[PDB]
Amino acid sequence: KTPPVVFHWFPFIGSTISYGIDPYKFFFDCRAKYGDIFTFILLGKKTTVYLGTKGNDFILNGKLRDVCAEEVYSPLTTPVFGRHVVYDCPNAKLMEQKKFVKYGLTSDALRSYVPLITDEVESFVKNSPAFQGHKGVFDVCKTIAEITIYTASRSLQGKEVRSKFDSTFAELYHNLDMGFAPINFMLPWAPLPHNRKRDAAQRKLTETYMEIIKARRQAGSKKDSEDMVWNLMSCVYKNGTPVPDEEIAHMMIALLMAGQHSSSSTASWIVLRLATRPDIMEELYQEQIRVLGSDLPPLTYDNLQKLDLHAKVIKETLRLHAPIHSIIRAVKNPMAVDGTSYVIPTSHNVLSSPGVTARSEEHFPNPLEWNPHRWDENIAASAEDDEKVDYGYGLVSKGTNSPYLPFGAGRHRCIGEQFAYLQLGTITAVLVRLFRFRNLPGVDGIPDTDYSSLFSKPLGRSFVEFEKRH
């Protein structure tokens, strides 16, 4: 049987439609019939799925030779981010690029970001049409996407980029973002207009970033703390070569896209969940009074860390809504399941879904319930029991006895996690100070999840009520 093949009704299209609408149900159904191993092919390819912590570990801590990350994602991502970065290079190069970024994301940089982020959010609320007036409704995703783009560009991308978003960067991003179109799952190369727009934006962004850098050199200065003034200096690879401006530009673009899509989606889910749960939001608010005090002094890198429930709300949301549902590798050499008869072959993709474990009864009783309090068992912005293996950058716990891996594990694990927590936690705390949220009358629960795009996000246009506090 090799790995059980998934009984479907058509060639090529296979089960993909089933996948596309909802993978998790799809995976679960598959699980029920076939257990922890499946095979369905989506589009062209045979994607082999290993569920379970072991399923997770196998693929995520899979051997460098045996599974390849870039061959799967490079075409799609590479046109977008640019050449030579992320997946446009051998793994070793990737590891050094992660190193530079993680280098640029130390606590003292993180500290520097918090005031900037609180400033952008507070400025947005004051100056934006979104929250004008005491009581109102607003478009969550649109509103939240703007906030995350402002907060990340000010802190991480820096002043010039932030300034640009006022002019010309908004459209560029939107155009570039078309590179993540579902047809681009198959046809990234083809010169459809949207692809031609994508290529046009990518070039233009690169020219801009490069001019920003060159201008900095021209004055040969520094001032705080963006990954930019950081990649200028964290120039050098082991070979002794400093990172070229173009690479810096393409790295920034990658970080921009990555952070924005992940942040905006997650942040959206947080606002949506909170709207459903006025009790939690008040508790969050009550936490700030209790822990920071009645005065509600300004949020800092230090005092944020006390927001245990805020931390929990993010964790709980990540558990159910994290935008990445499927992690995929290209099988380079046939691989032996430690357990079983099945052998996984080269014509195959391997797909792991930590979200599944994430929403399993064994691992999480009543998993589908969005309850932050379930975490009263533990909290880690940084986690847990397993071994730490250093690949390049730092010392990453590939640890995989954890059912909960929103940020992945092994050599491909997120280096943006701390930043993401900082950003989300900060945005959440501010909003909680400023607002109450309710559902529109007669509206219960939350919209559905749209898995059609590479990242997943709330489906429709969802409005929710906002009430201000003073």
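For every residue, the number given is its place in the sequence shown, counted from 1.
Stretches compared: 6 to 14, 442 to 450. Higher mean C-alpha B-factor in the entry: 6 to 14. Per the PDB record, of the two stretches 264 to 272 and 208 to 216, 208 to 216 carries the greater mean B-factor over its C-alpha atoms. Across 414, 430, 422, 32, the entry's maximum B-factor at the CA atom is seen for 32.
The maximum CA B-factor among the listed residues 338, 279, 160, 120, taken from the PDB record, is found at 338. Ranked by Cα temperature factor within the chain, residue 231 sits in the middle third according to the deposited record. For residue 376, the recorded CA B-factor ranks within the highest third of the chain. Only modelled residues enter the ranking. When all modelled residues of the chain are sorted by CA temperature factor, residue 460 is found within the middle third. Residue 237: CA B factor in the highest third of modelled residues in this chain (values from the PDB entry). Among all modelled residues in its chain, residue 150 ranks in the lowest third by Cα B-factor.
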